Structures are given as structure tokens and as C-alpha cells.
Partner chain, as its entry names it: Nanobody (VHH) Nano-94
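Next up is one chain by itself, shown in C-alpha cells, the form solved without the partner chain.
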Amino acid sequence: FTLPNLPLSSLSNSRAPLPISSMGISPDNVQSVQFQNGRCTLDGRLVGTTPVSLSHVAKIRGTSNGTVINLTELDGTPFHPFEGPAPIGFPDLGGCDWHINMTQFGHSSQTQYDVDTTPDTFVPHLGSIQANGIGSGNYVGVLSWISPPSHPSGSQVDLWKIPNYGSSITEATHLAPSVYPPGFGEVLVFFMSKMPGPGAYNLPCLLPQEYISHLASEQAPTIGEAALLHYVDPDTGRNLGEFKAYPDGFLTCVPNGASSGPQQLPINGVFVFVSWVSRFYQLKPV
């Protein structure tokens, strides 16, 4: 079994096309997460709206009639509700307004599309989102920058969230399931990127995008209960700490206190597969 032999700081977020700038843990008011992009199992099964390639990540495609944008897949193929919560690659950033840069094949210019994901017109699961002033035509859009949610008024930017893909929060949209910390002092490890916009925004994901294409390619036939990893300095070969990767596609570690965890590690290290271990294998704290 292998992970990419590439330093983390050379890789991309899997929730937006942004370089990885650090590792992190979630705030204390965040336990589980339910990201729809950046989801890939260790045997290579893509989950949620996750694409193989960053060229599809945090993008939309569709035709505006001036009132709504009717969505398709990025290549123009129809999207149907049975397929998922939104087309492949659709942004999954809850807890913010989006600003998507819209361009066209065969026309000049770009246009900023401002997206509040809270109203009942925002129903990408049914292939329809409000045009919010975007004129008639076919567009490809990519997330450019974010800002605080328009509703509820005065809400914080909270990128641990996903948007409401359905007409209401009660509508089933075929979300990929939530990921939970597995217990025994282990915390989920997130790969962070700086996101432009009027604040110090940091976007977490479960796996760098290049890990997803690697795992989707490798299609490992021999996944065990947990992969014991070392986070290694490439030059010195020094083991900077023990981590576990779980079959559902996430990493954990045991921090060495609130002041010393994966966020204190250099970001130019490489994760290296050591061996398959028990689900309950007890890690040495970072």
C-alpha cells in the first residue's frame, strides 16, 4: 500500500483549488464532519461529489434563464437527483456565501456570481439554483472567494459545515455519510488552505486532492483495519510522528497536549505507509 511520496505543502485542498498551508484539528464545537468533496476510501472508492481531478473541484456548470441556473455535470452531461446531492465537484462549503467566477466557451468576459446557499431556491440536488442576476447563457463557474453567510444575519464563517443541497434540511439528498473521531484520544486530522475573502479564512479537508487521485489509481487490493503511518522529514528521514489512516479515508493522531498537535508540525513532510494495524492500535502522541 502507498500514499503519494510528495510533501504536503506541494499538494492541494480537495474542497477548493488551493495549496495546502497547514494541518489542523477541528474546533471544540465540531465533532463529526460531512464534507462531500475530498472523500475517497483507502481502496480508491470516490464518495459524495468528489472528482478524481482538481480541475473539477468547487466548480459548477449550467444554463441561466435569468431566474434560475439549471445545472449539468461539468462536461454538459445531464445531472439527475438519484446521482447525488449535487453534480460532481459542486462546492461543498457550508457556513458562507460563495463568489463564483463565471466564464463561457465562445464568449468574452467573466462575471461574479454571488451565492447564498440558504434560500429555498438553492436546490442543486434537484439541479436548480437561483441565478441572482446572472444573465441568460451557459457558464462554467469556479469558486473564487467567500464571505460571511447572508443568513442567518451576523453568522460566522464556518467551513466545517456543508450547504443545504435540498429544498429543506429534511429532504434526502444522498449525502456521503459523516466522519467521526474514532475514540481513544485520537482526533481527526485536516489539511488546511487559506481561502480569499474579507477574513482569515481557513478551509479544512480530509485528504489532499493528489491523495484522492493516487488512491483512485492504486485501487489497493489489501486494505487492513488501519494503516499506521509516519510523517517523515524527507531530507533527514526523521519520523516526526505516528498517524493512522482509516479505510473510510481519513487520518488521525493523538496530540501531545492542546498546545502541541499536528498544527505544530512542519508542513513539508511526507506521510509514509508503515504497516496495517488493529483499529485499536494505540498511537504515540505527536
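Numbering follows the first chain given and starts at 1.
One more form of this protein exists, namely the form solved in complex with the partner chain; it is left out here, but the text below deals with it.
- Proximity of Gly94 to the partner chain in the deposited bound form falls within the 4.5 Å heavy atom cutoff.
- Though the partner is left out of this view, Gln34 does reach within 4.5 Å of the partner chain in the deposited bound form, counting heavy atoms only.
- The partner chain in the deposited bound form is approached by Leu175, whose closest heavy atom lies within 4.5 angstroms of it.
- Among heavy atoms of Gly183, none comes within 4.5 Å of the partner chain in the deposited bound form.
- By the 4.5 Å heavy atom rule, the three marked residues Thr117, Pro152 and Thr170 all count as contacting the partner chain in the deposited bound form.
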